[PDB]
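S.K.: Read top to bottom, the protein sequences are chains B and A.
Letter 203 of the first sequence, counting from 1, is numbered 209 in the entry's author numbering, and no numbers are missing.
Letter 265 of the second sequence, counting from 1, is numbered 274 in the entry's author numbering, and no numbers are missing.
Idealized CB from N, CA, C, for every residue including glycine.
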Amino acid sequence: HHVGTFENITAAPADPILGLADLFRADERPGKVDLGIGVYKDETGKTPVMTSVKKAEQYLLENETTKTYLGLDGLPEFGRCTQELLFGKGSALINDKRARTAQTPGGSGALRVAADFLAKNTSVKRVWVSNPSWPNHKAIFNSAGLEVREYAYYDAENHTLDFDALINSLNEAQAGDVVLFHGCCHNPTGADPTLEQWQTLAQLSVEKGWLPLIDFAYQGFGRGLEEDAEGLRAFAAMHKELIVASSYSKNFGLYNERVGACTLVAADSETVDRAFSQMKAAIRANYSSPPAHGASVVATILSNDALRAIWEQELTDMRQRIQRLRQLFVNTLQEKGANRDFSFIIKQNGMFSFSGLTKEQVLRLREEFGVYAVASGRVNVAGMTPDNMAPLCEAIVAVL
Amino acid sequence: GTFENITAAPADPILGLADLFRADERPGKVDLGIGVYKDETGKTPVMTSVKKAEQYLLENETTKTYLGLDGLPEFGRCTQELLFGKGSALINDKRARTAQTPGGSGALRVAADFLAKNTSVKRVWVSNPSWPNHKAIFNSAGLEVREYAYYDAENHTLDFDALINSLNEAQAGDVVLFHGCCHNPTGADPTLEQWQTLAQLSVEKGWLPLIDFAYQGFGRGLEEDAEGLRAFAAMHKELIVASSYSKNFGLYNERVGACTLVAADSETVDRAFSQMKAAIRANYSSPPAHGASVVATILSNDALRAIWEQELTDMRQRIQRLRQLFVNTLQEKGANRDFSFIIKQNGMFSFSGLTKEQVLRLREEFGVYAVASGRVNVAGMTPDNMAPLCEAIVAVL
Numbered sequence: 007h008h009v010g011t012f013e014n015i016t017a018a019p020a021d022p023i024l025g026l027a028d029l030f031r032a033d034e035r036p037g038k039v040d041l042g043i044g045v046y047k048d049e050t051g052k053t054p055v056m057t058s059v060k061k062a063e064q065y066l067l068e069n070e071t072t073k074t075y076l077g078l079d080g081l082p083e084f085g086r087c088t089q090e091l092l093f094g095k096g097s098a099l100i101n102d103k104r105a106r107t108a109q110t111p112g113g114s115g116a117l118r119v120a121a122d123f124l125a126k127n128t129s130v131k132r133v134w135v136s137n138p139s140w141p142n143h144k145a146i147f148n149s150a151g152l153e154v155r156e157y158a159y160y161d162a163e164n165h166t167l168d169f170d171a172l173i174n175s176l177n178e179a180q181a182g183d184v185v186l187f188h189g190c191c192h193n194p195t196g197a198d199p200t201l202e203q204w205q206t207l208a209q210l211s212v213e214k215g216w217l218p219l220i221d222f223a224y225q226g227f228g229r230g231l232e233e234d235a236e237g238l239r240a241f242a243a244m245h246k247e248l249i250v251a252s253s254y255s256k257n258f259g260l261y262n263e264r265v266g267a268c269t270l271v272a273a274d275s276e277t278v279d280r281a282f283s284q285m286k287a288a289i290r291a292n293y294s295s296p297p298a299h300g301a302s303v304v305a306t307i308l309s310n311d312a313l314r315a316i317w318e319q320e321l322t323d324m325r326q327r328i329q330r331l332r333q334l335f336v337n338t339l340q341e342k343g344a345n346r347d348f349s350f351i352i353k354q355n356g357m358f359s360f361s362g363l364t365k366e367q368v369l370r371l372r373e374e375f376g377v378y379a380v381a382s383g384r385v386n387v388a389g390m391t392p393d394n395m396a397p398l399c400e401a402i403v404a405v406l
Numbered sequence: 010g011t012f013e014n015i016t017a018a019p020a021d022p023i024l025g026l027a028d029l030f031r032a033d034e035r036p037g038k039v040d041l042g043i044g045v046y047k048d049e050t051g052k053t054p055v056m057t058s059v060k061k062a063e064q065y066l067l068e069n070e071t072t073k074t075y076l077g078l079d080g081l082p083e084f085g086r087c088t089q090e091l092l093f094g095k096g097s098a099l100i101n102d103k104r105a106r107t108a109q110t111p112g113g114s115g116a117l118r119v120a121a122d123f124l125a126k127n128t129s130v131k132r133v134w135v136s137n138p139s140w141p142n143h144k145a146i147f148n149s150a151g152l153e154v155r156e157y158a159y160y161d162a163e164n165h166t167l168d169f170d171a172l173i174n175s176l177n178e179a180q181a182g183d184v185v186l187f188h189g190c191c192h193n194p195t196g197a198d199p200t201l202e203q204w205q206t207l208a209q210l211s212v213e214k215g216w217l218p219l220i221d222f223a224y225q226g227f228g229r230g231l232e233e234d235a236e237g238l239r240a241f242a243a244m245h246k247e248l249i250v251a252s253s254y255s256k257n258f259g260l261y262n263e264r265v266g267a268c269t270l271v272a273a274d275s276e277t278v279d280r281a282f283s284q285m286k287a288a289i290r291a292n293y294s295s296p297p298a299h300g301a302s303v304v305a306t307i308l309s310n311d312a313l314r315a316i317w318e319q320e321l322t323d324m325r326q327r328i329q330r331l332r333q334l335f336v337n338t339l340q341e342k343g344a345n346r347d348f349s350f351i352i353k354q355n356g357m358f359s360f361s362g363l364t365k366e367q368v369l370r371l372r373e374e375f376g377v378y379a380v381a382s383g384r385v386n387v388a389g390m391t392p393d394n395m396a397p398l399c400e401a402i403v404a405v406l
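1) In whole angstroms, what is the alpha-carbon distance linking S359 of chain A and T166 of chain A?
2) Give me the Cβ distance between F222 of chain A and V250 of chain A, rounded to the nearest whole Å; I'm assuming they're in contact under 8 Å.
3) If we define contact as Cβ-Cβ less than 8 Å, is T277 of chain A a contact residue for chain B?
4) Quick one, which of B:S136, B:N177, B:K52, B:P218 has its alpha-carbon nearest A388 of chain B's?
5) In its own chain, which residues sit with a C-beta less than 6 Å from the C-beta of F282 of chain A, not counting the 5 before and 5 after it?
6) For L260 of chain B, which residues of its own chain have a beta-carbon under 8 Å away from its beta-carbon, when the five flanking residues on both sides are left out?
7) Restricting to Cα atoms, I'd like to know which of B:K286, B:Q333, B:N69 is closest to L76 of chain B.
8) Name, please, each residue of chain A whose Cβ falls closer than 7 Å to the Cβ of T53 of chain B.
9) Please list the segments of the alpha helix (DSSP H) lying wholly inside the segment 274-349 of chain B, counting only runs of 4 or more residues, in order along the chain.
10) Under 8 Å by Cβ, that's how I've got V265 of chain B and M244 of chain B pegged, so tell me the actual separation to the nearest angstrom.
11) Between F84 of chain A and the rest of its own chain, which residues show a CB-CB distance below 7 Å, the 5 nearest in sequence each way excluded?
12) Would you grab the beta carbon distance between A288 of chain A and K246 of chain A for me? Rounded to a whole angstrom, and I think it's under 8 Å.
13) Interface residues of chain A around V130 of chain B at Cβ under 8 Å?
14) Report the three-state DSSP secondary structure of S136 of chain A (helix, strand or coil).
15) Just how far apart, CA to CA, sit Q89 of chain A and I100 of chain A?
16) Please list the terminal residues of the continuous beta strand (DSSP E) segment that includes residue 422 of chain A.
17) Residues in the same chain with beta-carbon distance under 7 Å from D33 of chain A, minus the five sequence neighbours each way, listed in chain order, please.
18) Would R330 of chain B be called buried (16 or more neighbouring beta carbons within 10 Å of its own) or exposed?
19) Determine the extent of the beta strand (DSSP E) in which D221 of chain B is found, giving its start and end residues.
20) Roughly how far, in whole angstroms, is the beta-carbon of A18 of chain B from the beta-carbon of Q284 of chain A, given that I think they are within contact range, below 8 Å?
21) What whole-angstrom Cβ distance do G196 of chain A and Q354 of chain A have, given they're in contact under 8 Å?
22) Among the residues of its own chain, which have a CB less than 6 Å from the CB of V184 of chain A, if the five just before and after it don't count?
23) I'd like to check one pair, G215 of chain B with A242 of chain B: are the Cβ atoms closer than 8 Å?
24) In three-state terms, what does DSSP make of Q89 of chain A?
25) Considering only C-alpha positions, which residue in the set B:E400, B:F258, B:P36, B:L67 is nearest to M324 of chain B?
26) DSSP three-state call for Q354 of chain B: helix, strand or coil?
27) Tell me the DSSP secondary structure of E68 of chain A in three-state form.
28) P111 of chain A: buried (16+ other C-beta within 10 angstroms of its C-beta) or exposed?
29) To the nearest whole angstrom, what separates the beta carbons of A162 of chain B and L172 of chain B, a pair I think is in contact under 8 Å?
30) Using the Cβ count rule (16 or more neighbours within 10 Å means buried), how would you classify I307 of chain A?
31) Tell me whether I15 of chain B is buried or exposed, calling it buried when 16 or more other Cβ atoms sit within 10 Å of its Cβ.
32) List in chain order: all unbroken alpha helix (DSSP H) runs of 4+ residues lying wholly within the segment 165-233 of chain B.
33) Quick one: grab the DSSP three-state call for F258 of chain B.
34) Can you have a look at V135 of chain A and say buried or exposed, based on whether 16 or more other CB atoms are within 10 angstroms of its CB?
35) Compute the beta-carbon to beta-carbon distance between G80 of chain A and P296 of chain A, rounded to the nearest angstrom, for a pair I have assumed lies under 8 Å.
36) With 16 other CB atoms within 10 Å as the buried threshold, where does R35 of chain B fall?
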């Protein structure tokens, strides 16, 4: 007799998200509202395929002649388009060939590739992430054997990015550590550094010698494509080295196609080429080449003036809707008699903010009113509509 | 600088040979070093069934919202039917769980990370000759890779005696990796009787079989190619299967594969699979939908499935015909030795039996390109290039 290889495995803990989705599905109240969602939804409650994406897919279907493998870094045009979004057309960084980009399976894949590349090829032992954290960061970096530490970031009770605390906590970050920043639309708080703050952080990273990693999954959801990249570009202007993990899941609505990129920046082209050769090795040890369809869609859109214009308008419409809903949420809370100020909501960027509700209040909201947020109090503003706003605000006022 | 001292990775010999071939100005050049299927016209087309499925999806799809870590459920069900057989006791007993993954490559990395983090597995045994990417994948997860004896190069045979003797060193708790059919690069596969012997040995010694199954349908047919896998599954222990649909659906760049865990019972495999999902969450999270949706659409539609099965049959039969033509033509051109082994081998790949010096001469002198190891891809052969190709081979013997 031999013990089974799987015999001693203890089950992973049940995912609370899926469980809460369960209760929500079973709720027979016609007025139930789900603010716990992690994707964009439109005014009708759907997560549609963008029209620009449908048009690109039709083109690909008619024109693709082979699905033979591409290289470990994926589609070259996709890489070029990615670097232009990150750094700007005509960027000196691009002119000097200081950046190399690998297409990856989502921003998640890009983070994993970065982690594996760092663990195998550098002396990095530690990655610093914000509090509150995006939970998947720890799992990804830990899997590569990297310790994850948190820096101070959001002051929840005052609904403020506590920049002094951020700077102070980072004094503990040593030269050679990685510090991860969300490039725009911080998830889950929506609280972003101002440009002046980004410039301060960029200067600090040079002085202290840590490697910035920019997680950039919401370009276009904040203030605009160029605006949302201003922080990233401040780092790029000051630093010899940088890593960017990009996602097109949200801004192209391509979630399930797994479209992202890992971009390395080094002091010069010789150095970035050497480093990138080892990034390719990390990819070869993982999934090898990245999935073509979603990247082909992105390249098809970005490289075509007409399709690009359609896509930019679609993204603008999403961004403006979120901005309008943030204002509407605040107005409606005031109108329904909220006992306190929610102005911070207008100061925050992207789909997510902390409502400021306690765990007990979130529970009461679900039980008593059928309004579902996550335990942390995070809400997704895209789940709000003119149709459900007054009911959800009356419910919130009731639990305060 | 964090990157200043990084040492450049070695040159990829594959890309380097492809560069050489591309620059070769000789019109009679022949590329047998390719790693994908090519048709009679030298193309790797999209299968007709796949184009049709893609059109269905474009019409039908209403969202690209995330799926779960294991991907598309119907894809997993279709996968298990291909692996184990529809209506099989194994499926009825809910003994298997499948995660859709980015290619067979991704399935292998997911399996490796799962094993390293959740089991006492320290070592993975692979065949000599090896498929080069296995070592990098398993080493990346912290697992040692050891080689077992497999192919007798001089006699062009699977050396089963050496194989069995090699594996006596495999310890309870180790993983032993087998190619399910169409061994790459040799095309030399165990007979059913040999698979059964290997399955019995795994139970006796307590090692975990991992079946790399990337060529189902390229050997003798779908069911036939799964017989070896099913012989292991019949043992009622534990198994892992890393599937690929890259080759048999021509979906290479879409990254469509699966990692399937099997255990003695449903409760056990459920516990294991929960931790496999954790390994996926720490990697790329959910898998790429497009290629898996294509596979599921084809396999669950009578009209499309028939089109696909005929296409795959046509490819399999073309390869078989070319193997025979190759052997016949070598004999006619006066080869000084027997190449009958080529007919006894399955799939696109065989070792030609040429030495490294001979391979070099073949490329330099005659513009015929094989892999340095002497591996050739039969699908690169055609009725038109066959005579010149064989004349060149005879010339370097």
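M.R.: Put simply:
1) Position 350 of the second sequence, counted from the first residue, corresponds to residue 359 of chain A. Position 157 of the second sequence, counted from the first residue, corresponds to residue 166 of chain A. Distance between the alpha carbons of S359 of chain A and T166 of chain A: 11 Å.
2) Position 213 of the second sequence, counted from the first residue, corresponds to residue 222 of chain A. Position 241 of the second sequence, counted from the first residue, corresponds to residue 250 of chain A. About 6 Å; that satisfies the 8 Å criterion.
3) Numbered from 1 along the second sequence, position 268 holds the residue referred to as residue 277 of chain A. So, interface residue.
4) Position 382 of the first sequence, counting from 1, holds the residue named residue 388 of chain B. Comparing Cα positions, the closest option is B:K52.
5) One-based indexing of the second sequence puts residue 282 of chain A at position 273. The residues are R106, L270.
6) Locating residue 260 of chain B in the first sequence gives position 254, where the first residue counts as 1. The residues are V59, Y254, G300, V303, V304.
7) Residue 76 of chain B sits at position 70 when you count from the first residue of the first sequence. With distances taken between Cα atoms, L76 of chain B lies closest to B:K286.
8) Taking the first residue of the first sequence as position 1, residue 53 of chain B is located at position 47. Within 7 Å Cβ-Cβ: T72, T74.
9) 275-290, 298-308, 311-341
10) One-based indexing of the first sequence puts residue 265 of chain B at position 259. One-based indexing of the first sequence puts residue 244 of chain B at position 238. Actually they are not in contact, since the Cβ atoms of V265 of chain B and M244 of chain B sit about 29 Å apart, beyond 8 Å.
11) The residue you call residue 84 of chain A lines up with position 75 of the second sequence. Taken in chain order, the residues that qualify are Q109, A301, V304, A305.
12) Stepping through the second sequence from its first residue, residue 288 of chain A is reached at position 279. Stepping through the second sequence from its first residue, residue 246 of chain A is reached at position 237. Contact flag wrong, Cβ pair sits at about 21 Å.
13) Indexing the first sequence from 1 puts residue 130 of chain B at position 124. Those are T11, listed as they occur along chain A.
14) Residue mapping note: residue 136 of chain A aligns to position 127 of the second sequence, counting from 1. Strand.
15) Within the second sequence, numbered from 1, the residue matching residue 89 of chain A stands at position 80. Within the second sequence, numbered from 1, the residue matching residue 100 of chain A stands at position 91. Distance between the alpha carbons of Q89 of chain A and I100 of chain A is about 7 Å.
16) Since the first residue shown for chain A is 10 and the last is 406, residue 422 of chain A is missing from the structure and cannot be characterised.
17) Residue numbering aside, residue 33 of chain A sits at position 24 when the second sequence is read from its first letter. So the qualifying residues of the chain are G376.
18) If you number the first sequence from 1, residue 330 of chain B lands on position 324. Result: exposed.
19) What you label residue 221 of chain B is simply residue 215 of the first sequence in a count that begins at 1. 217-222 is the extent of the beta strand (DSSP E) around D221 of chain B.
20) For the purposes of this step, residue 18 of chain B is identified with residue 12 of the first sequence, where counting begins at 1. For the purposes of this step, residue 284 of chain A is identified with residue 275 of the second sequence, where counting begins at 1. 5 Å between Cβ atoms; contact.
21) In the second sequence, counting from the first residue as 1, residue 196 of chain A sits at position 187. In the second sequence, counting from the first residue as 1, residue 354 of chain A sits at position 345. Confirmed, about 3 Å.
22) Looking up residue 184 of chain A in the second sequence gives position 175. Closer than 6 Å at the Cβ level, and outside the excluded window around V184 of chain A, lie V130, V133, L217, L219.
23) Start at 1 with the first residue of the first sequence, and residue 242 of chain B comes out as number 236. Start at 1 with the first residue of the first sequence, and residue 215 of chain B comes out as number 209. No.
24) Indexing the second sequence from 1 puts residue 89 of chain A at position 80. Helix at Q89 of chain A.
25) Residue numbering aside, residue 324 of chain B sits at position 318 when the first sequence is read from its first letter. Nearest of B:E400, B:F258, B:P36, B:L67 to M324 of chain B, Cα basis: B:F258.
26) Mapped onto the first sequence, residue 354 of chain B falls at position 348. Residue state, collapsed to three classes: coil.
27) Here residue 68 of chain A is taken as the residue at index 59 of the second sequence, counted from 1. Note: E68 of chain A maps to helix in three-state DSSP.
28) Position 102 of the second sequence, counted from the start, is the residue given in the question as residue 111 of chain A. The residue in question, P111 of chain A, is buried, as its Cβ has 16 or more Cβ neighbours within 10 Å.
29) For this step, residue 162 of chain B is matched to residue 156 along the first sequence. For this step, residue 172 of chain B is matched to residue 166 along the first sequence. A162 of chain B to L172 of chain B, Cβ: 14 Å. No contact.
30) Taking the first residue of the second sequence as 1, we reach residue 307 of chain A at position 298. Its Cβ being crowded by 16 or more others within 10 Å, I307 of chain A is buried.
31) Position 9 of the first sequence, counting from 1, holds the residue named residue 15 of chain B. Label assigned to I15 of chain B: buried.
32) 169-175, 201-214
33) For the purposes of this step, residue 258 of chain B is identified with residue 252 of the first sequence, where counting begins at 1. In this structure, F258 of chain B counts as coil in the three-state DSSP scheme.
34) Position 126 of the second sequence, counted from the start, is the residue given in the question as residue 135 of chain A. Burial call: buried.
35) Here residue 80 of chain A refers to the residue found at position 71 when the second sequence is read from its first residue. Here residue 296 of chain A refers to the residue found at position 287 when the second sequence is read from its first residue. That pair is a contact at about 4 Å.
36) As a first step, residue 35 of chain B must be located in the first sequence, where it is residue number 29. Exposed, since its Cβ has fewer than 16 Cβ neighbours within 10 Å.
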